[PDB]
file work-v2.tsv (TSV, C-alpha atoms)
chain	number	residue	atom	x	y	z
L	1	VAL	CA	103.90	83.60	47.84
L	2	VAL	CA	102.96	85.02	44.45
L	3	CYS	CA	106.55	86.16	43.59
L	4	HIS	CA	109.93	86.68	45.28
L	5	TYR	CA	112.57	89.37	44.70
L	6	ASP	CA	116.05	88.86	46.18
L	7	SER	CA	117.87	91.62	44.34
L	8	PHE	CA	116.97	94.92	42.58
L	9	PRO	CA	117.71	96.80	39.36
L	10	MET	CA	119.73	100.06	39.88
L	11	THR	CA	117.63	103.19	40.20
L	12	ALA	CA	118.11	106.34	38.17
L	13	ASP	CA	118.35	108.53	41.24
L	14	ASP	CA	121.73	107.21	42.33
L	15	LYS	CA	124.59	109.60	41.80
L	16	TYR	CA	127.28	107.21	42.97
L	17	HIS	CA	126.64	104.46	40.42
L	18	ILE	CA	125.14	106.55	37.58
L	19	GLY	CA	128.35	107.55	35.79
L	20	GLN	CA	130.22	104.26	35.96
L	21	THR	CA	130.90	101.26	33.79
L	22	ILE	CA	129.88	97.96	35.33
L	23	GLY	CA	130.57	94.65	33.73
L	24	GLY	CA	131.44	96.29	30.40
L	25	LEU	CA	128.22	98.33	30.07
L	26	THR	CA	127.73	101.90	31.31
L	27	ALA	CA	125.11	102.40	34.01
L	28	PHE	CA	121.61	103.67	33.50
L	29	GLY	CA	118.80	103.69	36.00
L	30	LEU	CA	115.09	103.54	35.95
L	31	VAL	CA	112.82	106.50	35.22
L	32	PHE	CA	109.08	107.12	35.97
L	33	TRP	CA	106.97	109.88	34.25
R	1	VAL	CA	177.23	72.62	86.48
R	2	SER	CA	174.49	71.11	84.30
R	3	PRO	CA	171.51	72.05	86.51
R	4	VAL	CA	172.58	75.74	86.63
R	5	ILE	CA	172.67	76.20	82.86
R	6	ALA	CA	169.54	74.11	82.27
R	7	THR	CA	167.38	76.11	84.66
R	8	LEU	CA	168.39	79.40	82.97
R	9	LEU	CA	167.36	78.42	79.52
R	10	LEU	CA	164.01	77.11	80.84
R	11	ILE	CA	163.19	80.43	82.61
R	12	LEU	CA	163.76	82.47	79.48
R	13	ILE	CA	161.53	80.15	77.38
R	14	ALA	CA	158.48	80.35	79.65
R	15	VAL	CA	158.76	84.20	79.87
R	16	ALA	CA	158.77	84.56	76.06
R	17	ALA	CA	155.70	82.35	75.60
R	18	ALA	CA	153.71	84.24	78.29
R	19	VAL	CA	154.27	87.60	76.62
R	20	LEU	CA	153.23	86.08	73.31
R	21	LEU	CA	149.99	84.84	74.94
R	22	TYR	CA	149.15	88.37	75.98
R	23	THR	CA	149.46	89.85	72.50
R	24	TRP	CA	147.35	87.09	71.04
R	25	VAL	CA	144.63	87.35	73.72
R	26	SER	CA	144.27	91.12	73.51
R	27	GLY	CA	144.32	91.07	69.75
R	28	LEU	CA	141.56	88.38	69.91
R	29	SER	CA	139.41	90.73	71.94
R	30	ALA	CA	137.79	93.86	70.43
R	31	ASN	CA	137.52	91.78	67.30
R	32	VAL	CA	133.73	91.36	67.29
R	33	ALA	CA	131.55	93.23	64.77
R	34	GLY	CA	127.96	92.74	65.88
R	35	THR	CA	124.85	94.49	64.48
R	36	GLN	CA	122.61	97.49	64.30
R	37	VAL	CA	118.99	97.50	65.36
R	38	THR	CA	116.68	98.59	62.57
R	39	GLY	CA	114.48	101.45	63.52
R	40	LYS	CA	110.85	101.22	64.31
R	41	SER	CA	108.65	100.37	61.46
R	42	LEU	CA	108.15	102.99	58.86
R	43	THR	CA	104.75	104.66	58.97
R	44	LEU	CA	102.66	104.04	55.89
R	45	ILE	CA	101.89	107.31	54.12
R	46	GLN	CA	99.94	105.58	51.32
R	47	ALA	CA	99.36	102.29	49.49
R	48	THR	CA	98.05	102.45	45.98
R	49	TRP	CA	98.24	101.10	42.41
R	50	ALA	CA	97.88	102.06	38.72
R	51	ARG	CA	97.82	100.46	35.26
T	1	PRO	CA	105.26	64.65	42.45
T	2	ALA	CA	105.04	62.86	39.15
T	3	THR	CA	106.35	59.31	38.97
T	4	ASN	CA	104.84	58.54	35.54
T	5	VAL	CA	106.78	60.40	32.88
T	6	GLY	CA	106.50	59.95	29.15
T	7	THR	CA	107.93	62.08	26.32
T	8	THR	CA	104.96	64.48	26.98
T	9	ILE	CA	103.16	65.17	30.26
T	10	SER	CA	99.38	65.26	30.86
T	11	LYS	CA	97.71	66.49	34.00
T	12	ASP	CA	97.10	62.87	35.00
T	13	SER	CA	100.81	62.09	34.87
T	14	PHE	CA	101.01	63.67	38.36
T	15	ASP	CA	100.27	61.44	41.34
T	16	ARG	CA	97.79	61.73	44.18
T	17	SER	CA	98.36	61.11	47.89
T	18	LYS	CA	102.11	61.73	47.47
T	19	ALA	CA	104.02	64.80	48.65
T	20	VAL	CA	107.35	66.62	48.21
T	21	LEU	CA	108.42	69.16	50.81
T	22	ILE	CA	109.74	72.68	49.90
T	23	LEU	CA	111.54	75.14	52.13
T	24	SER	CA	112.95	78.62	51.61
T	25	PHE	CA	115.62	80.08	53.93
T	26	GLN	CA	117.28	83.56	54.04
T	27	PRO	CA	120.50	83.74	56.09
T	28	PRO	CA	121.20	87.06	57.74
T	29	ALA	CA	124.53	88.46	56.61
T	30	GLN	CA	125.64	90.48	59.63
T	31	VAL	CA	125.31	88.00	62.51
T	32	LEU	CA	127.81	88.46	65.38
T	33	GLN	CA	130.80	86.47	64.15
T	34	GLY	CA	128.61	84.30	62.00
T	35	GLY	CA	130.19	82.33	59.20
T	36	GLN	CA	129.70	83.08	55.52
T	37	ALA	CA	128.82	79.47	54.63
T	38	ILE	CA	126.29	77.15	56.30
T	39	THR	CA	126.87	73.37	56.20
T	40	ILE	CA	124.46	70.49	56.72
T	41	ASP	CA	125.53	66.92	57.46
T	42	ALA	CA	122.05	65.48	58.25
T	43	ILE	CA	118.38	66.31	57.46
T	44	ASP	CA	115.46	64.58	59.24
T	45	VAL	CA	111.69	64.30	59.00
T	46	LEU	CA	109.73	63.90	62.29
T	47	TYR	CA	106.13	63.23	63.15
T	48	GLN	CA	104.81	62.99	66.73
T	49	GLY	CA	108.39	63.33	68.00
T	50	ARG	CA	109.48	60.15	66.09
E	1	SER	CA	111.57	60.08	37.13
E	2	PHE	CA	110.42	59.58	40.82
E	3	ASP	CA	110.72	56.16	42.48
E	4	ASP	CA	109.28	55.18	45.90
E	5	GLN	CA	112.25	52.91	46.58
E	6	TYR	CA	114.73	55.82	46.42
E	7	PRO	CA	113.98	58.67	48.85
E	8	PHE	CA	116.31	61.69	48.86
E	9	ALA	CA	117.01	65.27	49.96
E	10	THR	CA	119.14	68.07	48.43
E	11	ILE	CA	119.99	71.83	48.25
E	12	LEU	CA	118.95	74.06	45.26
E	13	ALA	CA	119.23	77.85	44.80
E	14	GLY	CA	115.73	79.23	44.34
E	15	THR	CA	112.11	79.75	45.51
E	16	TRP	CA	108.68	78.33	44.76
E	17	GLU	CA	105.78	80.34	43.19
E	18	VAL	CA	102.10	79.50	42.94
E	19	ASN	CA	99.68	81.03	40.36
E	20	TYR	CA	95.90	80.55	40.31
E	21	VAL	CA	94.24	79.98	36.89
E	22	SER	CA	90.85	79.17	38.44
E	23	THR	CA	89.29	78.64	41.92
E	24	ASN	CA	90.66	75.10	42.25
E	25	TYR	CA	93.44	74.95	39.64
E	26	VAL	CA	96.95	76.32	39.69
E	27	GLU	CA	100.13	76.79	37.66
E	28	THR	CA	103.61	76.55	39.31
E	29	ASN	CA	106.97	78.10	38.50
E	30	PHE	CA	110.43	77.44	40.02
E	31	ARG	CA	112.88	80.36	39.88
E	32	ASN	CA	116.72	80.90	40.33
E	33	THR	CA	117.96	83.07	43.26
E	34	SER	CA	121.57	83.80	42.48
E	35	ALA	CA	123.02	81.97	45.47
E	36	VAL	CA	126.09	79.69	45.83
E	37	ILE	CA	126.00	75.90	46.19
E	38	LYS	CA	128.88	73.57	46.92
E	39	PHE	CA	129.32	69.96	48.09
E	40	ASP	CA	131.60	68.96	50.97
E	41	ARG	CA	132.29	65.26	50.28
E	42	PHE	CA	131.67	62.13	48.18
E	43	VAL	CA	130.76	58.73	49.61
E	44	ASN	CA	130.90	55.78	47.27
E	45	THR	CA	127.55	55.13	45.62
E	46	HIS	CA	125.46	56.70	42.86
E	47	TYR	CA	121.98	57.88	41.94
E	48	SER	CA	120.01	56.31	39.11
E	49	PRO	CA	123.22	55.44	37.21
E	50	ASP	CA	123.39	54.42	33.54
E	51	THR	CA	126.18	51.82	33.06
E	52	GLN	CA	126.02	51.99	29.21
E	53	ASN	CA	126.42	55.78	28.97
E	54	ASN	CA	128.50	56.48	32.10
E	55	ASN	CA	125.67	58.65	33.49
E	56	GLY	CA	125.22	59.12	37.23
E	57	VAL	CA	124.87	61.34	40.23
E	58	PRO	CA	127.69	61.50	42.77
E	59	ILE	CA	126.64	61.47	46.46
E	60	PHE	CA	128.41	63.70	49.02
E	61	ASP	CA	128.13	63.66	52.83
E	62	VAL	CA	128.10	67.43	53.30
E	63	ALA	CA	126.19	70.25	51.56
E	64	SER	CA	126.97	73.96	51.88
E	65	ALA	CA	125.31	77.30	50.97
E	66	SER	CA	126.14	81.01	50.78
E	67	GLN	CA	124.60	84.48	50.79
E	68	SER	CA	121.04	84.93	49.50
E	69	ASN	CA	118.03	82.63	49.24
E	70	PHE	CA	118.03	78.85	48.85
E	71	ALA	CA	115.55	76.00	49.03
E	72	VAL	CA	115.53	72.44	50.38
E	73	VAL	CA	113.71	69.63	48.48
E	74	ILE	CA	112.65	66.62	50.56
E	75	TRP	CA	111.16	63.38	49.32
E	76	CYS	CA	109.85	60.79	51.81
E	77	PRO	CA	107.27	58.29	50.44
E	78	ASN	CA	106.10	57.46	53.98
E	79	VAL	CA	104.39	60.90	54.53
E	80	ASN	CA	100.61	60.89	53.93
E	81	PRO	CA	98.73	64.25	53.84
E	82	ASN	CA	95.31	62.63	54.42
E	83	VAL	CA	96.23	61.34	57.91
E	84	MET	CA	99.01	63.73	59.03
E	85	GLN	CA	98.10	67.27	60.20
E	86	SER	CA	101.70	68.52	60.09
E	87	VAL	CA	105.35	67.39	59.93
E	88	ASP	CA	108.65	68.75	61.17
E	89	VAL	CA	112.19	69.02	59.79
E	90	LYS	CA	115.51	69.01	61.63
E	91	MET	CA	118.95	69.99	60.39
E	92	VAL	CA	122.24	68.91	61.96
E	93	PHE	CA	125.23	71.17	61.42
E	94	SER	CA	128.85	70.25	60.86
E	95	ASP	CA	129.76	71.84	64.23
E	96	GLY	CA	127.05	69.76	65.96
E	97	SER	CA	124.44	72.47	66.68
E	98	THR	CA	120.87	71.99	65.43
E	99	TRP	CA	117.99	73.94	63.87
E	100	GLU	CA	114.29	73.13	63.36
E	101	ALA	CA	111.34	74.50	61.39
E	102	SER	CA	107.61	73.81	61.19
E	103	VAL	CA	105.61	72.87	58.10
E	104	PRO	CA	101.77	72.53	57.93
E	105	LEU	CA	100.55	69.82	55.58
E	106	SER	CA	96.79	70.30	55.86
E	107	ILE	CA	95.21	71.37	52.58
E	108	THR	CA	93.79	74.47	54.24
A	1	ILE	CA	121.58	94.56	39.58
A	2	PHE	CA	122.52	94.73	43.29
A	3	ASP	CA	121.49	92.37	46.12
A	4	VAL	CA	120.91	95.08	48.73
A	5	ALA	CA	119.05	98.41	48.64
A	6	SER	CA	119.29	101.14	51.28
A	7	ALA	CA	117.45	104.38	52.20
A	8	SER	CA	117.84	107.41	54.47
A	9	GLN	CA	115.92	110.19	56.20
A	10	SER	CA	112.65	111.42	54.65
A	11	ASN	CA	110.06	109.84	52.38
A	12	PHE	CA	110.60	107.08	49.82
A	13	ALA	CA	108.50	104.77	47.67
A	14	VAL	CA	108.65	101.14	46.57
A	15	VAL	CA	107.61	100.11	43.01
A	16	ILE	CA	106.53	96.49	42.56
A	17	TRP	CA	105.72	94.71	39.32
A	18	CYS	CA	104.27	91.17	39.38
A	19	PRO	CA	102.34	90.10	36.23
A	20	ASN	CA	100.60	87.31	38.17
A	21	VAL	CA	98.41	89.74	40.26
A	22	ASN	CA	94.86	90.19	38.92
A	23	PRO	CA	92.63	92.95	40.42
A	24	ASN	CA	89.40	91.40	39.10
A	25	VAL	CA	89.75	88.24	41.22
A	26	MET	CA	91.94	89.37	44.16
A	27	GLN	CA	90.39	91.48	46.95
A	28	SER	CA	93.76	92.45	48.46
A	29	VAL	CA	97.48	91.56	48.50
A	30	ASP	CA	100.27	91.80	51.04
A	31	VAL	CA	103.95	92.77	50.96
A	32	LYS	CA	106.82	91.55	53.13
A	33	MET	CA	110.29	93.00	53.57
A	34	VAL	CA	113.31	91.11	54.90
A	35	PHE	CA	116.05	93.15	56.53
A	36	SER	CA	119.79	92.67	56.39
A	37	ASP	CA	119.81	91.85	60.13
A	38	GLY	CA	117.09	89.22	59.59
A	39	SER	CA	114.08	90.99	61.15
A	40	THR	CA	110.91	91.46	59.08
A	41	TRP	CA	108.18	94.03	58.38
A	42	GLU	CA	104.78	93.79	56.64
A	43	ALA	CA	102.14	96.15	55.27
A	44	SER	CA	98.64	95.81	53.84
A	45	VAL	CA	97.42	97.01	50.44
A	46	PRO	CA	93.76	96.94	49.22
A	47	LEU	CA	93.37	96.26	45.50
A	48	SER	CA	89.60	96.56	45.14
A	49	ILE	CA	88.59	99.45	42.90
A	50	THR	CA	86.49	100.93	45.70
N	1	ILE	CA	163.14	99.55	50.14
N	2	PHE	CA	163.52	98.13	53.67
N	3	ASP	CA	162.26	94.80	55.06
N	4	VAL	CA	161.13	96.15	58.43
N	5	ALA	CA	159.08	99.21	59.45
N	6	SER	CA	158.76	100.56	63.00
N	7	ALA	CA	156.59	103.10	64.89
N	8	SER	CA	156.45	104.89	68.25
N	9	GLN	CA	154.13	106.68	70.65
N	10	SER	CA	151.04	108.44	69.27
N	11	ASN	CA	148.92	107.97	66.16
N	12	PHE	CA	150.00	106.56	62.80
N	13	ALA	CA	148.38	105.38	59.59
N	14	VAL	CA	148.93	102.55	57.11
N	15	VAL	CA	148.47	103.13	53.33
N	16	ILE	CA	147.72	100.05	51.24
N	17	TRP	CA	147.50	99.81	47.47
N	18	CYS	CA	146.30	96.58	45.81
N	19	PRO	CA	144.91	96.94	42.25
N	20	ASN	CA	143.10	93.59	42.54
N	21	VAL	CA	140.48	94.91	45.08
N	22	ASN	CA	137.13	95.88	43.51
N	23	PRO	CA	134.54	97.75	45.66
N	24	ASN	CA	131.63	96.91	43.32
N	25	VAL	CA	131.89	93.14	43.94
N	26	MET	CA	133.55	92.92	47.39
N	27	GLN	CA	131.49	93.64	50.53
N	28	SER	CA	134.53	93.89	52.82
N	29	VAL	CA	138.26	93.06	53.07
N	30	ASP	CA	140.64	92.20	55.88
N	31	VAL	CA	144.22	93.12	56.79
N	32	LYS	CA	146.82	91.09	58.68
N	33	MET	CA	150.09	92.21	60.22
N	34	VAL	CA	153.01	89.94	61.09
N	35	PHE	CA	155.35	91.10	63.84
N	36	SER	CA	159.09	90.73	64.10
N	37	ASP	CA	158.63	88.39	67.11
N	38	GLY	CA	156.20	86.24	65.10
N	39	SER	CA	152.88	87.18	66.76
N	40	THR	CA	150.02	88.49	64.61
N	41	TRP	CA	147.25	91.11	64.62
N	42	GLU	CA	144.16	91.63	62.43
N	43	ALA	CA	141.59	94.35	61.77
N	44	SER	CA	138.36	94.65	59.81
N	45	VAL	CA	137.56	97.17	57.07
N	46	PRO	CA	134.13	97.63	55.37
N	47	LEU	CA	134.32	98.59	51.70
N	48	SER	CA	130.63	99.01	50.91
N	49	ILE	CA	129.76	102.58	49.95
N	50	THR	CA	127.19	102.73	52.74
Y	1	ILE	CA	169.38	66.67	43.24
Y	2	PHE	CA	170.61	67.61	46.74
Y	3	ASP	CA	169.80	65.95	50.09
Y	4	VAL	CA	169.45	69.18	52.08
Y	5	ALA	CA	167.61	72.46	51.40
Y	6	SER	CA	168.09	75.69	53.36
Y	7	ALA	CA	166.35	79.10	53.69
Y	8	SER	CA	166.95	82.54	55.20
Y	9	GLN	CA	165.20	85.68	56.42
Y	10	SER	CA	161.84	86.63	54.90
Y	11	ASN	CA	159.06	84.66	53.22
Y	12	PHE	CA	159.37	81.40	51.29
Y	13	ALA	CA	157.08	78.74	49.87
Y	14	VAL	CA	157.11	74.95	49.59
Y	15	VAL	CA	155.78	73.20	46.42
Y	16	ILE	CA	154.64	69.60	46.85
Y	17	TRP	CA	153.55	67.18	44.16
Y	18	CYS	CA	152.08	63.78	45.09
Y	19	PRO	CA	149.90	62.10	42.41
Y	20	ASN	CA	148.29	59.84	45.04
Y	21	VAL	CA	146.30	62.72	46.70
Y	22	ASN	CA	142.65	62.97	45.57
Y	23	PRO	CA	140.58	66.05	46.60
Y	24	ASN	CA	137.23	64.33	45.89
Y	25	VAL	CA	137.72	61.69	48.62
Y	26	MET	CA	140.15	63.37	51.07
Y	27	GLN	CA	138.85	66.08	53.45
Y	28	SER	CA	142.34	67.27	54.45
Y	29	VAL	CA	146.04	66.31	54.40
Y	30	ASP	CA	149.03	67.02	56.61
Y	31	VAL	CA	152.70	67.86	56.04
Y	32	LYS	CA	155.72	67.06	58.20
Y	33	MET	CA	159.23	68.48	58.05
Y	34	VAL	CA	162.32	66.84	59.52
Y	35	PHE	CA	165.20	69.12	60.46
Y	36	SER	CA	168.91	68.53	60.14
Y	37	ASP	CA	169.23	68.53	63.97
Y	38	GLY	CA	166.45	65.92	64.22
Y	39	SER	CA	163.58	68.07	65.58
Y	40	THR	CA	160.26	68.16	63.70
Y	41	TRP	CA	157.51	70.59	62.66
Y	42	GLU	CA	153.99	70.06	61.28
Y	43	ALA	CA	151.27	72.14	59.63
Y	44	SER	CA	147.66	71.59	58.58
Y	45	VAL	CA	146.18	72.05	55.10
Y	46	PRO	CA	142.44	71.82	54.20
Y	47	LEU	CA	141.75	70.35	50.76
Y	48	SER	CA	137.97	70.67	50.63
Y	49	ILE	CA	136.81	73.03	47.89
Y	50	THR	CA	134.95	75.13	50.45
call {"tool": "encode", "arguments": {"input": "work-v2.tsv", "output": "structure tokens"}}
result
Amino acid sequence: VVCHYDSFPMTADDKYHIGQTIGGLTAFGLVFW
Amino acid sequence: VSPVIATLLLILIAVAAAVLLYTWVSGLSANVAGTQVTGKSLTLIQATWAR
Amino acid sequence: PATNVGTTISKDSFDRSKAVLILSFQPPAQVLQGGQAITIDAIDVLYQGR
Amino acid sequence: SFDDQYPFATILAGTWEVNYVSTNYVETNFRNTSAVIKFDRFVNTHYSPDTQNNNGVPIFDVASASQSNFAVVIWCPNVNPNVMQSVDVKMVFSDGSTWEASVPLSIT
Amino acid sequence: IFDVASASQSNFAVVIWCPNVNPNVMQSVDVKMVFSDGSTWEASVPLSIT
Amino acid sequence: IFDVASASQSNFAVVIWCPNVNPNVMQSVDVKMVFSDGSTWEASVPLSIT
Amino acid sequence: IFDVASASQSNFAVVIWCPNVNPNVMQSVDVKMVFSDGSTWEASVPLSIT
């Protein structure tokens, strides 16, 4: 095993969690151009 | 008249406990979650990489 | 493993013909009635069934 | 800090990674996994205790884990890779059931 | 950061970033996914330029 | 406000409001009912979005 | 200080403080109540962290 990922960062394309405040910081996702 | 009164109270007690067993048993049942079976493996449309 | 430790470590501070075992386990969350927490009272190492 | 007279096992939340610098040399990193770890009980004793500074490691009879990944570290001085092809590990649960896994030892 | 990610009908991609992977010395790599139910799935990815 | 609530034949719902429950950190919750006779009943409710 | 304590309909708690109980060495404890009529009742309480 080179590396292991058990969790993931929130993605930009997620309407449910995009306009919320979690743990004191608003939510922003990831974007690819 | 001791036996007559004693027997009556004993009959009532056993009836009450039996009905309580029923509620507990039936509530115990239909209380299992289980799982879903993941679909067949996803077909690979492409595998690639960039800098 | 390294049994010889100074205030700084060289590559020769690590021993040869010695071994430490590592294991990674992933419990599955949704099992039947399965419990949230897994407990272990005893761990054993076997070789040739002994 | 490792002594052949004091073998031990324990539960830690993480995974092991191997990185190759060259054909026969490697670099190794141990990472956190965000999992829970608790200890069931304490049995009188201690690990590598310092009487002067009150330093020591409590020993408990039961170890527990939670959701997500976790590792097991085992140290038995009697195991020799040059003469043993493979070894096996067995875990005994609190309820009495058991589980076993297989680990190759051969270089490759 | 969330522990579990889910998807639905139609196509979807997976983006993986591991700094340890070097194309000049590795012919190919492999990826493994672990499901919530505990089952697993694996795919094969060539790395060689061509 | 009354100490005991009763129902009859056909369907009925239960509305529960506890400010302490947070969907973002709790995977699921559970509810327990205590009868007048002393017996009990429990049900399971997922909270996860999906 | 009174020798007898009484309760009525609905919920109620019992608060017990014994300095001799140590969570680090005791897996669990037990409580026993003695009624005015002489009958007895007992309950079980885990102490282990979890």
call {"tool": "residues_around", "arguments": {"input": "work-v2.tsv", "residues": "residue 31 (chain N)", "least_positions_apart": "2", "cutoff": "12 Å", "atoms": "all atoms listed in the file", "output": "MDAnalysis selection string"}}
result
chainID N and resid 14:18 28:29 33:34 40:46
call {"tool": "atom_distance", "arguments": {"input": "work-v2.tsv", "atom1": "CA of residue 9 (chain A)", "atom2": "CA of residue 31 (chain T)"}}
result
24.9 Å
call {"tool": "residues_around", "arguments": {"input": "work-v2.tsv", "residues": "residue 8 (chain L)", "least_positions_apart": "3", "cutoff": "10 Å", "atoms": "only C-alpha atoms", "output": "PyMOL selection string"}}
result
(chain L and resi 5+11) or (chain A and resi 1-5)
call {"tool": "closest_atom_pairs", "arguments": {"input": "work-v2.tsv", "of": "chain T", "to": "chain E", "cutoff": "6 Å", "atoms": "all atoms listed in the file", "output": "Markdown table"}}
result
| residue | atom | partner | partner_atom | distance |
| --- | --- | --- | --- | --- |
| T:3 | CA | E:2 | CA | 4.5 |
| T:20 | CA | E:75 | CA | 5.1 |
| T:21 | CA | E:74 | CA | 4.9 |
| T:22 | CA | E:73 | CA | 5.2 |
| T:23 | CA | E:72 | CA | 5.1 |
| T:24 | CA | E:71 | CA | 4.5 |
| T:25 | CA | E:70 | CA | 5.8 |
| T:26 | CA | E:69 | CA | 4.9 |
| T:37 | CA | E:66 | CA | 4.9 |
| T:38 | CA | E:65 | CA | 5.4 |
| T:39 | CA | E:64 | CA | 4.4 |
| T:40 | CA | E:93 | CA | 4.8 |
| T:41 | CA | E:62 | CA | 4.9 |
| T:42 | CA | E:92 | CA | 5.1 |
| T:43 | CA | E:91 | CA | 4.7 |
| T:44 | CA | E:90 | CA | 5.0 |
| T:45 | CA | E:89 | CA | 4.8 |
| T:46 | CA | E:88 | CA | 5.1 |
| T:47 | CA | E:87 | CA | 5.3 |
call {"tool": "closest_residue", "arguments": {"input": "work-v2.tsv", "among": "L:12, L:31, L:18, L:3", "to": "chain A", "atoms": "all atoms listed in the file"}}
result
L:3
call {"tool": "atom_distance", "arguments": {"input": "work-v2.tsv", "atom1": "CA of residue 35 (chain R)", "atom2": "CA of residue 30 (chain N)"}}
result
18.1 Å
